[PDB]
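Single chain ahead, written as structure tokens, the form deposited in one PDB entry.
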């Protein structure tokens, strides 16, 4: 009864995180040793996030609230964990000019976990620091290529192939299109106001939509269960009152509130289906980093993968 499953989606939509949530759910969590291995990544994720904001300040021409931060900024660039760097990083983060820039992250490229790590510097910067399960989940590593991983859930064994979402990775996707039982297609809801990291002229949501039009309606998958994860709902929730959806959909007559705007995104993607009589997009709003939520969604998915394949 071996099932073949694909995680597809544009870059940073959250595929690799769902793969992590399998290791946690359907194996038995992360060890402590395994967590201590993600130190470097968390530290590097943190250092990269803050560099990102500061370089944006010179581009966007935003002043520090306090001019002595320039001197920390200098040190930051040169240093890239230790006490010196932590202090530097903290001081930068608390600065009001830095925060004005962070609140304009849509105009440049910033890791979504920035706020999470930077707001937790005190814990992270400790010498005897061991990442938590969530810290690990929050980590960002660009996936390059195609990673196959095997899994056994309650009623299914899964061959699960994780791929890279960037444009240069999409050539490679054709290697795992054969005999595909199900495709979980990730979309980062929080991308509606952002541009692509590999094209600054291209809105990330319009990118995911074109990508989805082509997978949803592809001849290869007439017999595959198309599952649509509307992901990063937590990030979207705290975005939407600050930045309007009209950035992404000029047509939009509805309120810039979480549920209605989320219902609207959903319909846009689901409207890309060209055979609605015969094909069903199974949609789920997910927070990839929230184990409990990904556990409940994966039960609902599995059921569809039995009902539609036996």
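The term rigid core refers to the most C-alpha atoms you can superpose between the two forms while keeping them within 1.5 Å. Numbering follows the first chain given and starts at 1.
The same protein also has a form deposited in another entry, omitted here; what follows describes it.
K.L.:
Have a look at 121, 130, 100, 197 and give me the residue whose C-alpha moves 2 Å or more between this form and the one not shown, with the fit done on the rigid core.
P.N.:
Meeting the 2 Å or more criterion is only 197.
K.L.:
Any chance the CA of residue 173 moves 2 angstroms or more between this form and the one not shown, core superposed?
P.N.:
True for residue 173: a C-alpha shift of 2 Å or more.
K.L.:
Core-aligned, is the CA shift for residue 142 between this form and the one not shown 2 angstroms or more?
P.N.:
Result for residue 142: yes, a 2 Å-plus shift.
K.L.:
Residue 286 and residue 171: do their C-alpha atoms lie closer or farther in that other deposited form than in the form you see, with a change of 3 Å or more?
P.N.:
Distance between the C-alphas of residue 286 and residue 171: longer in that other deposited form, by 3 Å or more.
K.L.:
Versus the form shown, are the CA atoms of residue 250 and residue 196 closer or farther apart in that other deposited form, given a shift of 3 angstroms or more?
P.N.:
Residues converge in that other deposited form, at least 3 Å closer.
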